Amino acid sequence: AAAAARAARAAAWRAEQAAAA
Amino acid sequence: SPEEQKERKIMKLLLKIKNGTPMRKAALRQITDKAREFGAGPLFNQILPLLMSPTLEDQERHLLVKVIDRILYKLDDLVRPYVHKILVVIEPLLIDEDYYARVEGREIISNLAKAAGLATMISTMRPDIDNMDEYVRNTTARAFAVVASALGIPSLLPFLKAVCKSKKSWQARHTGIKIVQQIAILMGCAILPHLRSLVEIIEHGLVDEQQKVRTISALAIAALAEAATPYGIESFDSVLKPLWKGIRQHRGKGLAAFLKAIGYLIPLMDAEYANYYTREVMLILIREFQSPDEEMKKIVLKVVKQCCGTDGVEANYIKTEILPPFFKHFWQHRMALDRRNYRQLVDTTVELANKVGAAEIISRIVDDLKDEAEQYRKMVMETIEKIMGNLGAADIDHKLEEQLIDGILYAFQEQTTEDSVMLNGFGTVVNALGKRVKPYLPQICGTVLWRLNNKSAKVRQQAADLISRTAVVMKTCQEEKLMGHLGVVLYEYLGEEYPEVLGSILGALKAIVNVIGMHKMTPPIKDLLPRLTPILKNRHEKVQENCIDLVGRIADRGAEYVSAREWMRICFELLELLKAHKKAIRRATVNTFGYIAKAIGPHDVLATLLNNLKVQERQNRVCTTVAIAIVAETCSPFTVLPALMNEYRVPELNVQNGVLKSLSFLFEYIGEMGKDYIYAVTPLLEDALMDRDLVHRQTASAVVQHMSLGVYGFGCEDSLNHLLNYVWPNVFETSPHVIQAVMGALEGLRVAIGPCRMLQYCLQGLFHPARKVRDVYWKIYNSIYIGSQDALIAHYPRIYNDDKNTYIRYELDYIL
Amino acid sequence: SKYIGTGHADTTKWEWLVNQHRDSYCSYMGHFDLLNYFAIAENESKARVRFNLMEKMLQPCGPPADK
Amino acid sequence: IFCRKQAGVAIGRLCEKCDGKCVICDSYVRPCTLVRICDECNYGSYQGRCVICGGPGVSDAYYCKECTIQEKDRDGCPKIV
RNA sequence: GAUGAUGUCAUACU
RNA sequence: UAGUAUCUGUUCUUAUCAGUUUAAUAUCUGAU
Ligand SMILES: *C[C@]1(O)C[C@@](C)(OC)O[C@H](/C=C/C(C)=C/C[C@@H]2O[C@H](C)[C@H](NC(=O)/C=C\[C@H](C)OC(C)=O)C[C@@H]2C)[C@H]1O
Ligand SMILES: [Zn+2]
Ligand SMILES: [Zn+2]
Ligand SMILES: [Zn+2]
């Protein structure tokens with residue numbers, strides 16, 4: 001479900017925020 | 001009887017004034033116009049018992065005073081036979097404790113004076129000039145001062161000239177000089193054009209045989225000088241030699257009044273004469289330093305504060321001549337037991353440090369920081385606080401620094417009461433020392449930890465507050481291990497049952513996290529935050545605010561060590577606190593929710609919020625709406641609008657109204673940031689503005705208003721013009737909340753697109769045959785005109801002349 | 001409603017244009033460059049222009065119509 | 001329902017229940033300009049009281065940013081009567 | 001192709 | 001709690017003018 005991919009989505013958001021900055 | 005009929009009608013009118021809604025305006029207007037017909041007799045006969053009624057409320061008193069003012073203005077010379085009786089009735093009001101009671105008394109008396117004239121006032125008030133009772137004379141003196149304020153000082157000047165030199169009794173001279181004093185006190189700087197005349201009129205009284213006349217003359221000089229500050233010193237030339245000689249002879253309260261007059265005269269002088277004169281009076285002042293009577297000591301302290309604050313009195317003179325006896329005779333433990341002496345000596349000493357230098361004053365009292373008398377310690381600490389808050393610590397050397405450290409340590413350790421003065425003093429001294437308190441910081445944190453382990457929780461609260469106050473300087477001193485230990489002890493004290501101390505502990509923890517950082521923090525964040533999670537449901541606002549701010553800073557700069565599920569749990573608990581009454585908790589909640597949304601991804605929290613949006617249909621839906629806006633302002637809105645608009649395609653309607661309300665508040669909240677998202681939400685707004693449901697039209701108009709006001713001046717004119725074409729046809733809607741939202745949208749669009757476009761939409765129906773169309777379009781025109789009157793000049797259409805009138809604005813048709 | 005120059009569904013053409021002209025004259029006397037333009041067009045001082053506009057404030061569109 | 005008299009030097013206040021609210025449009029977003037009220041609404045026992053309920057005032061009343069943009073701060077004393 | 005107005009209805013949302 | 005909206009039911013001579021009112025109808029008031 002979404003709970004298994006929640007950490008992957010958070011990591012993808014952190015990677016996007018690192019790439020945007 | 002006709003008089004009884006008059007009485008009954010006046011009674012009915014006064015009743016309509018006091019208890020009526022309007023009715024008050026009409027009744028007020030008619031009683032001023034019919035004043036001469038009623039006569040001053042029945043009017044004042046009924047008004048005076050009502051005015052002095054013991055059960056009257058303040059605003060009722062203001063209403064009746066306004067009634068009195070109106071009826072007095074038309075009734076001029078008819079009030080004369082009753083002025084004396086009016087006076088006997090009213091003059092206890094002039095000494096009432098209520099300030100507004102005295103203002104209304106002075107206003108009534110001044111209106112009486114301007115209605116009856118100066119002649120009847122002097123003729124009326126003369127037999128009480130030499131009355132035996134002091135309070136009647138005081139009332140008459142205040143009344144004469146207000147009369148002088150009404151008719152002007154020169155109009156009453158010859159009466160004072162005659163009365164102040166009366167050969168018959170000292171009471172008349174005393175009353176005239178008291179009149180001059182009250183004139184000064186009442187009119188302030190307005191006495192300056194006639195200040196010379198008043199001083200010349202009263203100056204002879206200083207060498208009078210009667211002591212009370214000399215005293216009231218000195219007090220009147222002091223009042224005139226205070227009112228004239230900082231001007232008018234030249235007008236006092238002729239008074240300079242008597243007073244200065246008088247203090248070489250008089251003693252007691254007379255000498256006190258003379259010195260007070262001198263102390264108010266000195267700051268008006270230039271540097272040379274101020275120097276000369278304060279050197280002339282310092283011997284008498286220092287002699288009076290040891291007087292036992294407290295009023296004299298207060299007055300001399302006030303005078304030293306005044307004279308030391310004057311330009312021309314050099315710092316070395318104060319150093320060598322003034323400071324040793326001052327500190328030897330005034331700074332004793334006896335004077336610290338009365339509040340007025342306490343406050344006055346503190347302010348005087350601070351003004352002294354303001355002029356002669358901070359260290360010069362500070363070094364003379366630091367050791368008294370270790371006196372066993374706790375009240376003395378509090379006084380000296382407050383003095384140091386005010387002095388150091390004005391000037392800083394740049395003047396303090398190493399020796400005095402160590403003296404200060406030892407003194408504040410001893411004062412903080414031997415503390416038995418929860419004094420906020422000790423807390424603020426410790427905090428400001430340490431924060432002013434800056435990186436210089438670095439060698440003393442171990443024992444200091446030891447004492448804070450000592451007070452952190454006190455059996456009584458209020459001492460612990462004070463210690464935590466001190467931690468929060470000094471965390472920044474402790475960081476810039478680089479002692480992060482003691483700070484970490486402090487964080488560990490506070491975390492061990494997080495199960496505290498008393499809410500204010502726990503809130504202070506949370507504030508201290510926020511300070512410790514801000515100074516040490518999230519990576520080197522002890523305890524780890526992964527253990528700290530779950531401990532903070534159950535504290536969010538506490539009902540006290542201080543614990544709530546502090547814990548929310550702590551969670552927000554943790555989410556801002558140290559969210560690495562916390563999983564996304566714990567942050568979602570925090571968000572779920574935080575959502576309800578957006579509707580709090582206290583604005584500080586709401587602001588903290590907004591900040592913390594934004595930090596969490598910035599830290600974690602948008603997708604999961606946004607999904608939860610949209611789910612909430614669909615399954616609530618209740619009051620907290622707007623809470624959810626606010627949270628969506630927070631996500632959009634803190635994170636980027638392109639992470640919210642796709643999912644928000646894809647959820648809009650479900651045909652359940654109530655969800656669509658929720659989406660629209662969310663968009664409205666979102667645009668209102670993000671403001672200028674929405675300028676890049678007008679096109680993105682334009683099709684949905686097109687859909688909603690043409691939908692059959694009228695609630696959709698109203699909320700969409702709200703979105704248009706918030707949008708137009710948010711993007712004002714950033715070039716979105718065409719998209720708003722397009723949305724204006726869908727907002728406009730709803731101007732004939734009958735539902736009040738809808739036409740209200742339409743008018744709000746039209747006003748926002750007037751701001752954003754300009755009044756010219758709105759006027760272009762308006763001009764056809766301004767003179768439409770249908771009255772309903774004219775009502776609507778003239779309402780819109782009224783809104784545009786009130787908002788944009790001067791701009792419309794450029795936007796009015798060309799209206800041609802006819803056979804009777806000229807309608808062309810020919811000036812605008814000029815071409816050079 | 002208490003603001004001079006606003007209107008309603010019974011506003012006549014004469015009153016509306018009188019309001020327009022008075023608003024326009026006050027705007028000319030406020031906006032320095034409008035009055036500058038007008039004082040360059042004719043050959044009159046700015047004070048004379050201000051005087052003329054003030055005399056025009058009494059009846060800028062002439063006497064009104066009946067009914 | 002608004003007083004709408006000529007405001008003076010008196011500073012409008014808000015109670016603890018409405019701290020941060022805009023008195024014209026009820027919005028809580030972006031306060032901008034300090035509220036001034038007429039002298040009659042601040043006279044006597046009325047000084048420092050809430051401009052919405054007349055209760056005790058604890059903070060300064062503000063017009064929101066949207067109201068000042070639309071010049072709704074220039075319409076007179078907003079004390080509700 | 002012009003669906004308005006009213007209540008004893010009845011049913012939904014605030 | 002009491003406000004709105006949607007279905008059901010009703011919705012007033014295929015006999016002629018004037019007056020109030022209406023953007024015009026409609027409504028109301030009088031005469032044939
Ligand atoms: C004057 C009052 O009208 C009096 C009274 C009794 O009126 C019924 O109480 C009013 C208070 C109402 C409150 C506090 C309503 C809660 C609302 O909560 C929603 C979710 C909104 N919240 C926000 O806008 C929150 C945060 C914003 C973004 O940030 C800030 C700093 O405000 C609005 C209301 C607060 C009282 O006004
Ligand atoms: Zn007011
Ligand atoms: Zn209030
Ligand atoms: Zn507002």
# chains A, B, ... in the order shown; residues from 1 in each chain; ligands from 1

$ residues_around --residues "stretch 3-7 of chain A" --least-positions-apart "6" --cutoff "10 Å" --atoms "only C-alpha atoms (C1' of nucleotides)" --output "NGL selection string"
(:A and (13)) or (:B and (563-565 or 600-601 or 603-604))

$ residues_near_ligand --ligand "ligand 4" --cutoff "6 Å" --atoms "only C-alpha atoms (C1' of nucleotides) and all ligand atoms" --output "NGL selection string"
:D and (22 or 24-25 or 27 or 63-64 or 66-67)

$ write_last_selection --atoms "N, CA and C atoms" --output "PDB file, in the first residue's frame"
ATOM      1  N   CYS D  22      -9.493  40.814  11.175  1.00  0.00           N
ATOM      2  CA  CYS D  22      -9.743  42.074  10.493  1.00  0.00           C
ATOM      3  C   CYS D  22     -11.176  42.510  10.750  1.00  0.00           C
ATOM      4  N   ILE D  24     -13.116  44.646   9.326  1.00  0.00           N
ATOM      5  CA  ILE D  24     -14.018  44.886   8.204  1.00  0.00           C
ATOM      6  C   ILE D  24     -14.505  43.581   7.582  1.00  0.00           C
ATOM      7  N   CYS D  25     -13.583  42.703   7.192  1.00  0.00           N
ATOM      8  CA  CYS D  25     -13.927  41.549   6.369  1.00  0.00           C
ATOM      9  C   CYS D  25     -13.833  40.208   7.080  1.00  0.00           C
ATOM     10  N   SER D  27     -11.315  38.460   8.006  1.00  0.00           N
ATOM     11  CA  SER D  27     -10.243  37.572   7.584  1.00  0.00           C
ATOM     12  C   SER D  27      -9.113  37.615   8.603  1.00  0.00           C
ATOM     13  N   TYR D  63      -6.520  46.384  10.179  1.00  0.00           N
ATOM     14  CA  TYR D  63      -7.171  46.086   8.915  1.00  0.00           C
ATOM     15  C   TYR D  63      -6.325  45.060   8.180  1.00  0.00           C
ATOM     16  N   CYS D  64      -6.970  44.123   7.488  1.00  0.00           N
ATOM     17  CA  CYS D  64      -6.193  43.136   6.748  1.00  0.00           C
ATOM     18  C   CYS D  64      -5.561  43.786   5.521  1.00  0.00           C
ATOM     19  N   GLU D  66      -5.947  42.951   2.373  1.00  0.00           N
ATOM     20  CA  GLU D  66      -6.944  43.131   1.320  1.00  0.00           C
ATOM     21  C   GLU D  66      -7.787  44.382   1.532  1.00  0.00           C
ATOM     22  N   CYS D  67      -8.078  44.731   2.786  1.00  0.00           N
ATOM     23  CA  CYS D  67      -8.876  45.922   3.052  1.00  0.00           C
ATOM     24  C   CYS D  67      -8.084  47.193   2.778  1.00  0.00           C
TER      25      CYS D  67
END

$ select_by_dssp --residues "chain C" --states "helix (DSSP H, G or I)" --output "number ranges by chain"
C: 13-30, 32-41, 46-56

$ residues_near_ligand --ligand "ligand 2" --cutoff "8 Å" --atoms "only C-alpha atoms (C1' of nucleotides) and all ligand atoms" --output "CSV table (one decimal) with N, CA and C atoms, in the first residue's frame"
chain,number,residue,atom,x,y,z
D,2,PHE,N,-21.8,50.1,11.7
D,2,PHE,CA,-20.5,50.7,11.9
D,2,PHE,C,-20.7,52.1,12.3
D,3,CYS,N,-19.9,52.6,13.2
D,3,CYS,CA,-19.9,54.0,13.7
D,3,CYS,C,-19.7,55.0,12.6
D,4,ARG,N,-18.6,54.8,11.8
D,4,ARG,CA,-18.2,55.5,10.6
D,4,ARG,C,-18.0,57.0,10.9
D,5,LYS,N,-17.8,57.4,12.1
D,5,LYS,CA,-17.4,58.8,12.4
D,5,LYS,C,-15.9,59.0,12.0
D,6,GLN,N,-15.5,60.3,12.0
D,6,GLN,CA,-14.2,60.6,11.6
D,6,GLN,C,-13.2,60.1,12.7
D,7,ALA,N,-12.3,59.2,12.4
D,7,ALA,CA,-11.4,58.7,13.4
D,7,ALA,C,-10.4,59.7,13.8
D,37,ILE,N,-9.9,54.9,15.6
D,37,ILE,CA,-11.3,55.0,15.9
D,37,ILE,C,-11.6,56.4,16.3
D,38,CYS,N,-12.9,56.8,16.2
D,38,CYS,CA,-13.3,58.1,16.6
D,38,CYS,C,-13.1,58.4,18.1
D,39,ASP,N,-13.1,59.7,18.5
D,39,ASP,CA,-12.9,60.0,19.8
D,39,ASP,C,-14.0,59.7,20.8
D,40,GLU,N,-15.3,59.8,20.3
D,40,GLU,CA,-16.4,59.4,21.1
D,40,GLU,C,-16.4,57.9,21.4
D,41,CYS,N,-16.0,57.0,20.5
D,41,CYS,CA,-15.9,55.6,20.8
D,41,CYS,C,-14.8,55.3,21.8
D,42,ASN,N,-13.9,56.2,22.1
D,42,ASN,CA,-12.8,55.9,23.0
D,42,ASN,C,-12.9,56.8,24.3
D,76,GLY,N,-13.7,55.6,7.9
D,76,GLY,CA,-14.2,56.0,9.2
D,76,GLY,C,-14.1,55.0,10.2
D,77,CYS,N,-14.4,55.4,11.5
D,77,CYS,CA,-14.3,54.6,12.7
D,77,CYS,C,-15.1,53.3,12.5
D,78,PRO,N,-14.4,52.1,12.6
D,78,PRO,CA,-15.1,50.8,12.4
D,78,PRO,C,-15.6,50.2,13.7
D,79,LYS,N,-15.8,51.0,14.8
D,79,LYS,CA,-16.4,50.4,16.0
D,79,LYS,C,-17.9,50.1,15.7
D,80,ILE,N,-18.2,48.8,16.1
D,80,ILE,CA,-19.5,48.3,15.8
D,80,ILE,C,-20.5,48.8,16.8

$ atom_distance --atom1 "atom CA of residue B:717" --atom2 "atom CA of residue B:753"
5.4 Å

$ residues_near_ligand --ligand "ligand 3" --cutoff "9 Å" --atoms "only C-alpha atoms (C1' of nucleotides) and all ligand atoms" --output "PyMOL selection string"
chain D and resi 13-19+49-57

$ interface_residues --of "chain B" --to "chain A" --cutoff "12 Å" --atoms "only C-alpha atoms" --output "list in words"
residues 559, 560, 562, 563, 564, 565, 566, 567, 568, 596, 597, 598, 599, 600, 601, 602, 603, 604, 605, 607, 608, 635, 636 and 639 of chain B

$ residues_near_ligand --ligand "ligand 1" --cutoff "7 Å" --atoms "only C-alpha atoms (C1' of nucleotides) and all ligand atoms" --output "PyMOL selection string"
(chain B and resi 578-581+583+586-587+590+620+622-623+626+669) or (chain D and resi 17-18+20-21+28-29+52-53)

$ write_last_selection --atoms "N, CA and C atoms" --output "mmCIF file, in the first residue's frame"
data_model
loop_
_atom_site.group_PDB
_atom_site.id
_atom_site.type_symbol
_atom_site.label_atom_id
_atom_site.label_comp_id
_atom_site.auth_asym_id
_atom_site.auth_seq_id
_atom_site.Cartn_x
_atom_site.Cartn_y
_atom_site.Cartn_z
ATOM 1 N N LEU B 578 -5.719 24.789 14.686
ATOM 2 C CA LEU B 578 -5.806 25.958 13.819
ATOM 3 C C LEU B 578 -6.971 26.885 14.156
ATOM 4 N N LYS B 579 -7.967 26.427 14.916
ATOM 5 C CA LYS B 579 -9.115 27.254 15.273
ATOM 6 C C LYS B 579 -9.058 27.780 16.707
ATOM 7 N N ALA B 580 -7.872 27.855 17.299
ATOM 8 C CA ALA B 580 -7.715 28.388 18.647
ATOM 9 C C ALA B 580 -8.012 29.885 18.706
ATOM 10 N N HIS B 581 -8.425 30.347 19.890
ATOM 11 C CA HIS B 581 -8.721 31.764 20.095
ATOM 12 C C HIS B 581 -7.461 32.618 20.217
ATOM 13 N N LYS B 583 -4.031 34.064 19.283
ATOM 14 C CA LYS B 583 -3.374 34.181 17.988
ATOM 15 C C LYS B 583 -1.954 33.613 18.011
ATOM 16 N N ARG B 586 -2.155 29.866 17.166
ATOM 17 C CA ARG B 586 -2.460 29.723 15.740
ATOM 18 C C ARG B 586 -1.243 30.027 14.875
ATOM 19 N N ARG B 587 -0.498 31.085 15.209
ATOM 20 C CA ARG B 587 0.692 31.448 14.442
ATOM 21 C C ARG B 587 1.751 30.353 14.541
ATOM 22 N N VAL B 590 0.627 27.368 12.490
ATOM 23 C CA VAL B 590 0.870 27.619 11.069
ATOM 24 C C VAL B 590 2.335 27.369 10.738
ATOM 25 N N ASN B 620 -14.670 21.812 11.067
ATOM 26 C CA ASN B 620 -13.245 21.552 10.840
ATOM 27 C C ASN B 620 -12.783 21.336 9.403
ATOM 28 N N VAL B 622 -12.952 23.681 7.292
ATOM 29 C CA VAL B 622 -12.270 24.934 7.024
ATOM 30 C C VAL B 622 -10.893 24.877 7.659
ATOM 31 N N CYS B 623 -10.769 24.152 8.787
ATOM 32 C CA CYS B 623 -9.460 23.847 9.365
ATOM 33 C C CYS B 623 -8.584 23.136 8.346
ATOM 34 N N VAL B 626 -7.480 25.521 5.689
ATOM 35 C CA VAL B 626 -6.354 26.345 6.119
ATOM 36 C C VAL B 626 -5.056 25.568 5.990
ATOM 37 N N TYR B 669 -4.495 33.445 1.088
ATOM 38 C CA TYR B 669 -3.406 33.253 2.032
ATOM 39 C C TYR B 669 -2.048 33.373 1.359
ATOM 40 N N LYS D 17 -10.672 37.080 22.226
ATOM 41 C CA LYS D 17 -11.427 36.155 21.395
ATOM 42 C C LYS D 17 -11.212 36.415 19.914
ATOM 43 N N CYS D 18 -10.887 37.656 19.546
ATOM 44 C CA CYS D 18 -10.788 38.041 18.145
ATOM 45 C C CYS D 18 -9.413 38.583 17.781
ATOM 46 N N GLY D 20 -6.200 39.356 16.193
ATOM 47 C CA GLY D 20 -5.663 39.109 14.872
ATOM 48 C C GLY D 20 -6.672 39.171 13.748
ATOM 49 N N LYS D 21 -7.950 39.346 14.060
ATOM 50 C CA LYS D 21 -9.001 39.375 13.057
ATOM 51 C C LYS D 21 -9.083 40.765 12.436
ATOM 52 N N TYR D 28 -8.438 36.480 8.760
ATOM 53 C CA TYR D 28 -7.286 36.377 9.643
ATOM 54 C C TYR D 28 -5.959 36.440 8.903
ATOM 55 N N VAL D 29 -5.982 36.684 7.601
ATOM 56 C CA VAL D 29 -4.780 36.648 6.779
ATOM 57 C C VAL D 29 -4.209 38.056 6.683
ATOM 58 N N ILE D 52 -15.083 45.294 18.489
ATOM 59 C CA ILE D 52 -16.142 44.423 18.002
ATOM 60 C C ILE D 52 -17.185 44.147 19.076
ATOM 61 N N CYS D 53 -16.755 43.882 20.306
ATOM 62 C CA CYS D 53 -17.665 43.494 21.370
ATOM 63 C C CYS D 53 -17.740 44.485 22.518
#

$ residues_around --residues "residue C:63" --least-positions-apart "4" --cutoff "10 Å" --atoms "only C-alpha atoms (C1' of nucleotides)" --output "PDB file with N, CA and C atoms, in the first residue's frame"
ATOM      1  N   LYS B 804     -30.131  72.596 -24.286  1.00  0.00           N
ATOM      2  CA  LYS B 804     -30.267  73.347 -23.040  1.00  0.00           C
ATOM      3  C   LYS B 804     -28.986  73.386 -22.223  1.00  0.00           C
ATOM      4  N   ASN B 805     -28.223  72.296 -22.194  1.00  0.00           N
ATOM      5  CA  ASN B 805     -27.112  72.151 -21.268  1.00  0.00           C
ATOM      6  C   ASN B 805     -25.838  71.796 -22.019  1.00  0.00           C
ATOM      7  N   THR B 806     -24.708  72.154 -21.419  1.00  0.00           N
ATOM      8  CA  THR B 806     -23.390  71.817 -21.936  1.00  0.00           C
ATOM      9  C   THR B 806     -22.859  70.594 -21.202  1.00  0.00           C
TER      10      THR B 806
ATOM     11  N   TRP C  14     -28.740  65.386 -16.130  1.00  0.00           N
ATOM     12  CA  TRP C  14     -28.150  66.668 -15.747  1.00  0.00           C
ATOM     13  C   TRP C  14     -27.355  66.587 -14.451  1.00  0.00           C
ATOM     14  N   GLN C  59     -22.262  76.342 -11.671  1.00  0.00           N
ATOM     15  CA  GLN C  59     -23.131  75.681 -12.649  1.00  0.00           C
ATOM     16  C   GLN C  59     -22.309  75.225 -13.840  1.00  0.00           C
TER      17      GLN C  59
END

$ closest_atom_pairs --of "chain B" --to "chain D" --cutoff "8 Å" --atoms "only C-alpha atoms" --output "CSV"
residue,atom,partner,partner_atom,distance
B:58,CA,D:45,CA,6.8
B:59,CA,D:44,CA,7.2
B:100,CA,D:44,CA,6.0
B:581,CA,D:17,CA,5.3
B:582,CA,D:16,CA,6.6
B:583,CA,D:19,CA,5.9
B:668,CA,D:29,CA,7.3
B:669,CA,D:29,CA,6.0
B:709,CA,D:66,CA,6.4
B:710,CA,D:66,CA,8.0
B:747,CA,D:70,CA,7.7
B:748,CA,D:70,CA,7.5
B:751,CA,D:70,CA,6.6
B:787,CA,D:70,CA,7.2

$ write_last_selection --atoms "N, CA, C and O atoms" --output "PDB file, in the first residue's frame"
ATOM      1  N   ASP B  58     -21.148  56.527  33.650  1.00  0.00           N
ATOM      2  CA  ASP B  58     -20.192  57.456  33.039  1.00  0.00           C
ATOM      3  C   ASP B  58     -20.673  57.985  31.691  1.00  0.00           C
ATOM      4  O   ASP B  58     -20.603  59.193  31.426  1.00  0.00           O
ATOM      5  N   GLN B  59     -21.128  57.094  30.806  1.00  0.00           N
ATOM      6  CA  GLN B  59     -21.557  57.541  29.485  1.00  0.00           C
ATOM      7  C   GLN B  59     -22.861  58.322  29.564  1.00  0.00           C
ATOM      8  O   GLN B  59     -23.104  59.213  28.739  1.00  0.00           O
ATOM      9  N   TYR B 100     -12.014  61.725  33.986  1.00  0.00           N
ATOM     10  CA  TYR B 100     -13.061  62.171  33.072  1.00  0.00           C
ATOM     11  C   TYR B 100     -14.123  62.991  33.789  1.00  0.00           C
ATOM     12  O   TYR B 100     -14.765  63.856  33.177  1.00  0.00           O
ATOM     13  N   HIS B 581      -8.425  30.347  19.890  1.00  0.00           N
ATOM     14  CA  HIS B 581      -8.721  31.764  20.095  1.00  0.00           C
ATOM     15  C   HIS B 581      -7.461  32.618  20.217  1.00  0.00           C
ATOM     16  O   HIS B 581      -7.423  33.742  19.706  1.00  0.00           O
ATOM     17  N   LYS B 582      -6.435  32.110  20.891  1.00  0.00           N
ATOM     18  CA  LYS B 582      -5.174  32.831  21.037  1.00  0.00           C
ATOM     19  C   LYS B 582      -4.407  32.865  19.721  1.00  0.00           C
ATOM     20  O   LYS B 582      -4.268  31.845  19.046  1.00  0.00           O
ATOM     21  N   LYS B 583      -4.031  34.064  19.283  1.00  0.00           N
ATOM     22  CA  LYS B 583      -3.374  34.181  17.988  1.00  0.00           C
ATOM     23  C   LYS B 583      -1.954  33.613  18.011  1.00  0.00           C
ATOM     24  O   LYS B 583      -1.465  33.144  16.975  1.00  0.00           O
ATOM     25  N   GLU B 668      -6.180  33.717  -1.137  1.00  0.00           N
ATOM     26  CA  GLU B 668      -6.112  34.798  -0.153  1.00  0.00           C
ATOM     27  C   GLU B 668      -4.896  34.673   0.762  1.00  0.00           C
ATOM     28  O   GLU B 668      -4.282  35.683   1.126  1.00  0.00           O
ATOM     29  N   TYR B 669      -4.495  33.445   1.088  1.00  0.00           N
ATOM     30  CA  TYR B 669      -3.406  33.253   2.032  1.00  0.00           C
ATOM     31  C   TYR B 669      -2.048  33.373   1.359  1.00  0.00           C
ATOM     32  O   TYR B 669      -1.113  33.925   1.948  1.00  0.00           O
ATOM     33  N   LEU B 709      -7.298  40.339  -5.712  1.00  0.00           N
ATOM     34  CA  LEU B 709      -6.602  41.143  -4.719  1.00  0.00           C
ATOM     35  C   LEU B 709      -5.185  40.640  -4.486  1.00  0.00           C
ATOM     36  O   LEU B 709      -4.306  41.424  -4.113  1.00  0.00           O
ATOM     37  N   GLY B 710      -4.937  39.345  -4.700  1.00  0.00           N
ATOM     38  CA  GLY B 710      -3.602  38.819  -4.482  1.00  0.00           C
ATOM     39  C   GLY B 710      -2.615  39.070  -5.605  1.00  0.00           C
ATOM     40  O   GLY B 710      -1.415  39.195  -5.351  1.00  0.00           O
ATOM     41  N   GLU B 747     -15.413  44.269  -6.485  1.00  0.00           N
ATOM     42  CA  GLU B 747     -14.496  45.233  -5.885  1.00  0.00           C
ATOM     43  C   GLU B 747     -13.043  44.787  -6.038  1.00  0.00           C
ATOM     44  O   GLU B 747     -12.166  45.607  -6.366  1.00  0.00           O
ATOM     45  N   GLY B 748     -12.769  43.497  -5.793  1.00  0.00           N
ATOM     46  CA  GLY B 748     -11.437  42.962  -6.056  1.00  0.00           C
ATOM     47  C   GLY B 748     -11.022  43.103  -7.509  1.00  0.00           C
ATOM     48  O   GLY B 748      -9.869  43.423  -7.813  1.00  0.00           O
ATOM     49  N   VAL B 751     -10.050  46.649  -8.271  1.00  0.00           N
ATOM     50  CA  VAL B 751      -8.665  46.892  -7.880  1.00  0.00           C
ATOM     51  C   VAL B 751      -7.700  46.309  -8.914  1.00  0.00           C
ATOM     52  O   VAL B 751      -6.780  46.988  -9.384  1.00  0.00           O
ATOM     53  N   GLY B 787     -14.646  53.910  -4.513  1.00  0.00           N
ATOM     54  CA  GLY B 787     -13.282  53.414  -4.519  1.00  0.00           C
ATOM     55  C   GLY B 787     -12.333  54.116  -5.467  1.00  0.00           C
ATOM     56  O   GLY B 787     -11.121  54.090  -5.237  1.00  0.00           O
TER      57      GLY B 787
END

$ residues_around --residues "residue B:232" --least-positions-apart "6" --cutoff "9 Å" --atoms "only C-alpha atoms (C1' of nucleotides)" --output "JSON, numbers by chain"
{"B": [192, 195, 196, 225, 268, 269]}
